[PDB]
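Asks: experimental structure and its sequence below.
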Amino acid sequence: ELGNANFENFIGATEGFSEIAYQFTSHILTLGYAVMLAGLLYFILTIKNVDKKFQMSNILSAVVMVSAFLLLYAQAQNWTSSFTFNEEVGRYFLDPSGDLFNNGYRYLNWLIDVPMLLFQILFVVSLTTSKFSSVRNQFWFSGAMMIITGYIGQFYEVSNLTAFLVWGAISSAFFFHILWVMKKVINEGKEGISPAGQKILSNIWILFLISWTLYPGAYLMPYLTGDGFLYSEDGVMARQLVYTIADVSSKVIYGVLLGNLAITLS
Amino acid sequence: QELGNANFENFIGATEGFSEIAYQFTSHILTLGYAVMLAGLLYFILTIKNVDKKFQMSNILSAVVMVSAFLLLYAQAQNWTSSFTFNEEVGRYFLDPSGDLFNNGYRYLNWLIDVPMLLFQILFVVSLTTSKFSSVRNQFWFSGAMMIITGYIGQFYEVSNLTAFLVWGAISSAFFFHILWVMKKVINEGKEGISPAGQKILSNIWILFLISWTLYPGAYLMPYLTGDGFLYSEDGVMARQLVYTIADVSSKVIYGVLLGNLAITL
Amino acid sequence: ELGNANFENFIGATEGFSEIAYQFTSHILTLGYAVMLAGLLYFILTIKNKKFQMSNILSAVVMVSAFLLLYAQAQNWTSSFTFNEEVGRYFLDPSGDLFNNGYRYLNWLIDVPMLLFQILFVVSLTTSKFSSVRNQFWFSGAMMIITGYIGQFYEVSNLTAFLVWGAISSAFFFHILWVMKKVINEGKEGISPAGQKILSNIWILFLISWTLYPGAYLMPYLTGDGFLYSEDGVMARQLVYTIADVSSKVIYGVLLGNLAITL
Amino acid sequence: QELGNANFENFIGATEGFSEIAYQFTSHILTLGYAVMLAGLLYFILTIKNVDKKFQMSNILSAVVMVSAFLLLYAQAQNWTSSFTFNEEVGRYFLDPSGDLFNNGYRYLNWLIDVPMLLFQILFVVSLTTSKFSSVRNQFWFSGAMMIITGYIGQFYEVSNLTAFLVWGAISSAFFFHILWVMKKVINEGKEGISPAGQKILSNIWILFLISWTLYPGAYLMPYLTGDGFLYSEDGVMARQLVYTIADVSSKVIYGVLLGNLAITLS
Amino acid sequence: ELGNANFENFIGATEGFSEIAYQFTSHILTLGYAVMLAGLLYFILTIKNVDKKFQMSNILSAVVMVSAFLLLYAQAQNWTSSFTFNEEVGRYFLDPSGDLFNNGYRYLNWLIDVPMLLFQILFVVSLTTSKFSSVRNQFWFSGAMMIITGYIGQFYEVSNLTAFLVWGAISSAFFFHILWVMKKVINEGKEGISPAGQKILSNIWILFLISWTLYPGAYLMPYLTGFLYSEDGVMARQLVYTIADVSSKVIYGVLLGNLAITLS
Ligand code: NA
Ligand code: NA
Ligand code: NA
Ligand code: NA
Ligand code: NA
């Protein structure tokens, strides 16, 4: 009787996880937060490589790295806590005492970092037509709502597909509205800056586009092959891999690029 | 079980128990809480040279509060996760005696340090007119401590004895009004003799300070805010913990930022 | 069969601690080490605000140790007493080791010398000799702690040795108080009325705060089986120890930073 | 003994168990490992200004490496101590299922970060002649990632499936010799133009880079380096973890130290 | 059946540790790693109190602090976790599930710090007839051997008195060599510096000499009275170790930071 719990638990409570499935998910989750802390050191140490007016970028990246590190750390410990090795069957099964696994830790992280990552770009690029304050608010309203909704939905990823997908959809709505506004910003930013700067913003968009799309992919990860192929421990491994890749990208790499764009203008 | 003078969370967790969502959300939000604090710290440290030397005590005090909050909020979080365990038979989280009872005391005492720091740091940005610096500082510190110490007491009796609960709570409320009376008196005098940019910020700092500080007494009473009503359940717990976290973030981080920003405009 | 252990354990192994008693003591102890780390940040950031800066450094050195040890204490408290669902009280849990204020005490081995030796980097002595005033502070400082450290193991198993070492320790205490007075005075010489007013406030603080420790030492026996030979005695002791440590190290170091400004 | 695709440490730990020396050493050597990482981190962060502004990216990258290695090598050590417990009856450390199985995985995924960094950093200290910056970088990265990933997979079969083990191992090696080649090509193109001091360092760096990195494969096969012979036991585990440590200290710390000197002698 | 372990375990697995014996060891071990983190701060916040050419010493002192901190911390957690209170007899006995206790953590700590400590002095003083490098390699080769040889032996400090002494002896030989070299390093160090600086170098030599001697004293502790093969011997050993480590790294480092100031 799990209830509204993540499908990792249902997998752990029945089939269990193999050494490879458990270990990899464990390592990939550790790598996640180890990367975040490394990223922090990088942003701080490179604060003096850019002018004074672009530094609020590096700062926000650093703030995000911290936030991320703590929650990705909690998340990794949640994984290892919630699944124990069964010596008589050689598999890792749900361990009631260590609490049920939940990705909500990561989600609420987003609630902090999304608004940060979308806002910090406004400190490097200048807006031609659109208004700083307005673009920000939209980013923040859509950003928050996008997570709050998705956060709510993922609870029902097994106990209720309908609610799962409805919320997932309402979330998706706001998602595109961010993409829209971002593309808008990227352009107005390319207006009046060295080709080098322009090239960097372009690569930032590709990165922002791919990475941010991976998230909803992981949100559905379990069903992307209808009790198919990804409704198993393979689906769990995949989901966490994507998540970790997504974070490293949409945070660290994203921030690095913005740091270079800040130097190109500096 | 026999709990005695314990917080209302423990009685819910010792009877109904907590549903996955209720327990997980509370666990998450409490984690977000202390994550934000350490992040905010990084911000306040790195934005120190963004303001004159005379205003840098503000940022410094903000950074101090951050560390303060991080440690205690961290403790308050681990107090949650360890005081409630999953029951595989009914799939709900129930009071785990060995992990110590849950108490919001860690947080309350977090304030005992910070309430003074927050009321004090604004005095390193603004300048008064008819009020003595120390005179204000003292009234803050006295009313600040008395407010918390009296509330800290009462919240031990929120379940075991409502009359004491409300009495101590009320006595605390008195000191609460006094601190508002004074802080409003301080933002007026502070607004006198400054620019238009600062004038606007402090007006924002006020409403913020107002809404966020009112939340606390709201959370204090949470359970009893709908008469065995609707909030005398796990929902009441979720609400409370959410409210605290939002507030704590606002009262120290947003608040800290607004002040730190106001120091820049100078 | 406890043996030479703090009276927290005897209370915990018999009456047990009530929610309020165990929680408050647990909270106050947490606050304790929280304040230390917070302070660490303060003293590292205010270093600017050059000859005096060794003061801020030493304060920071105290903060670090304080945090690490006061933290250990808190965890020692929480892991040594467990809630009993049947009677609803926190009783001694052996597996988590017996409680002991020994962590605090050894913290003092470090902090006491530093706190004393640091004021010498702000004020300027008249006729007294820097290195001499230092050695006294250190020899006495160390002895005061080592002796009291020994005595507190007997605060229950042997009321005599407890008081003997206690008394001995108290000798070094008064000594230190004497020297520190000789420093406050010689410091007041040749500085604005502000610089003085500060050192005066430092004296009162240092006097009151440092007297709280020996009060805590006897806290159990400050009302004769009295009112303070119970959980309330444990609360009190730990409240006092935290109040002192915050005053003697943080507020203290802050006042030395302010005097370091007027100068 | 139904372990599955697990490292040979568990197979020893669940059968013969580890003696005091064997378990303790491994435990110590692992801890020293992540201690050196945090020690070195400080060194790089404090020597940032001892080199001109264009070379500093090296110092900074080394610092980043140090942090990751710290955490993951920490996790690794905690993995070892949690996965084996003393048995009073026979005084030997045996596998403790509750504390999860042991797996060097933590260290491997460490490399995912650190291998690209260590390779990409030297390109901030030296100047190239024929081959271009980006081209060298991407071959380092692509190859680096593949090498680690194919090795990471293979080590899961170091017992359950000897073939798949050696197969991937070899596949990894391919990407390895590729990295060696492209590196010596960089060391050389680097020596060109710089003082006999910098040139002297690069020489030293190469020696290091070659040895240190060769040690990894050595660890990979540690158990099978003496056939069921002598290294299929607790000693084999000791030897492996010792090597992994020596190798990680050399490949990242000593290495980054040398790239620091080089950055100095090029100011 | 413990096998090749430190006598701490044999005492804890037989006699048991009294509240005091256990609590003190626990405290002193904590104090140890606490001092290390405090020292770190000091050496960081005082880097700028000396000329650039000397600063390397401060940094190396800080490095050592970090290393020491962690490993001492581990050592502390190893002590506390390895021995549990027995409420029925009122003493602390070996808890198998917490791993056996071992000083090995500390020894491997030295495997780093020793090199750094002998090395860092070369960034303050100036030799006269010996080369910077030669002296550094003599230190390092010997410093390593001394630690490894001793690390081995301490595993047999009960199971095998012979191997214990044999390795300890072999280790000592390298110890003397380091005293010889370090002696030559201080004499040449005094050449060409104010008598004030000379005096600090003298103190340093005594500190170095005394504190570094303590270690083999601890190594043997148990057998230093054929009332020391008890819990008292354990207390003694751990106190000495801590005193030594504080002295040989912190105080040592401070005195060098002062010699850097005088020479600035
Ligand atoms: Na697990
Ligand atoms: Na729990
Ligand atoms: Na407890
Ligand atoms: Na173990
Ligand atoms: Na114990």
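Replies: That came in fine, so what should we check first? Numbering: from 1, shown residues only, chains lettered A, B, ... in the order given. Ligands and ions are numbered 1, 2, ... in the order given.

Asks: not counting sequence-adjacent ones, nearest residue to the residue of the stretch 151-266 of chain A at minimum distance from chain D?
Replies: Residue of the stretch 151-266 of chain A nearest chain D, by CB to the nearest CB: residue A:248 (9.4 Å). Any C-beta I mention is one placed from the backbone N, CA and C, and that applies to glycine too. Once flanking residues are discounted, residue A:248 sits nearest to residue A:35: 5.2 Å by CB to CB, 6 or more residues apart in numbering or on different chains.

Asks: returning to that earlier point: name the SS class of the residue of the stretch 151-266 of chain A closest to chain D, please.
Replies: helix (DSSP: H, G, I helix; E, B strand; the rest coil).

Asks: mind checking how far it is from residue C:249?
Replies: Between residue A:248 and residue C:249 the distance, using CB to CB, to the nearest Å, works out to 42 Å.

Asks: kindly report the same for residue A:190.
Replies: The value you get for residue A:190 to residue C:249, if CB to CB is used, is 55 Å.

Asks: what's the answer for residue A:43, then?
Replies: Taking CB to CB, one finds residue A:43 at 33 Å from residue C:249.

Asks: pretty sure the residue of the stretch 151-266 of chain A closest to chain D is in contact with residue A:32, am I right?
Replies: Yes. Between residue A:248 and residue A:32 there is a contact under CB atoms under 8 Å: 7.2 Å.

Asks: can you say which helix or strand has residue A:85 in it?
Replies: Here residue A:85 sits within strand A:83-86, counting by DSSP states H and E.

Asks: please save the CA atoms from that strand in PDB.
Replies: What follows is strand A:83-86, C-alpha atoms only, in PDB (Å, rounded to 0.1, in the frame of the first residue of the first chain):
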ATOM      1  CA  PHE A  83      16.500   0.700  -1.100                       C
ATOM      2  CA  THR A  84      18.400  -2.100   0.600                       C
ATOM      3  CA  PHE A  85      20.300  -5.100  -0.800                       C
ATOM      4  CA  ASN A  86      18.500  -8.500  -0.300                       C
END
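
Asks: near the closest residue to ligand 4 within chain A, how many other residues are there?
Replies: Per CB to the ion, residue A:85 is where chain A lies closest to ligand 4, at 14.7 Å. Residue A:85 has 26 neighbouring residues, counting by other CB atoms under 10 Å in any protein chain shown.

Asks: element containing the closest residue to residue A:257 other than its chain neighbours?
Replies: Spatially, and ignoring its direct neighbours in sequence, residue A:257 is nearest to residue A:204 (4.9 Å; CB to CB, 6+ apart). Element membership for residue A:204, per DSSP H and E: helix A:195-220.

Asks: and that helix, what's buried?
Replies: Buried positions in helix A:195-220, judged by neighbour count with 16 or more other CB atoms under 10 Å in any protein chain shown: A:197-198, A:200-201, A:204-205, A:207-208, A:211-212, A:214-215, A:218-219.

Asks: with stretch A:87-95 instead?
Replies: By neighbour count on 16+ other CB under 10 Å, the buried set for stretch A:87-95 is A:87, A:90-95.

Asks: those residues: which ones sit near chain D?
Replies: Near chain D, judged by CB under 8 Å from any CB of the partner chain, the entries from the buried residues of stretch A:87-95 are A:87, A:90-92.

Asks: the residues you listed in strands, which ones?
Replies: If you go by DSSP state E, those have A:91-92 in strands.

Asks: which pair in the ones next to chain D among the buried residues of stretch A:87-95 spans the largest distance?
Replies: Maximum pairwise distance among those (CB to CB): 10.8 Å, between A:87 and A:92.

Asks: measure how buried the residue of the stretch 1-150 of chain A found nearest ligand 3 is and give me the count.
Replies: Nearest to ligand 3, among the residues of the stretch 1-150 of chain A, is residue A:97, at 16.9 Å (CB to the ion). Around residue A:97 there are 12 other residues, counting by other CB under 10 Å.

Asks: got the contact list for it?
Replies: B:85-86 (CB atoms under 8 Å, 6 or more residues apart in numbering or on different chains).
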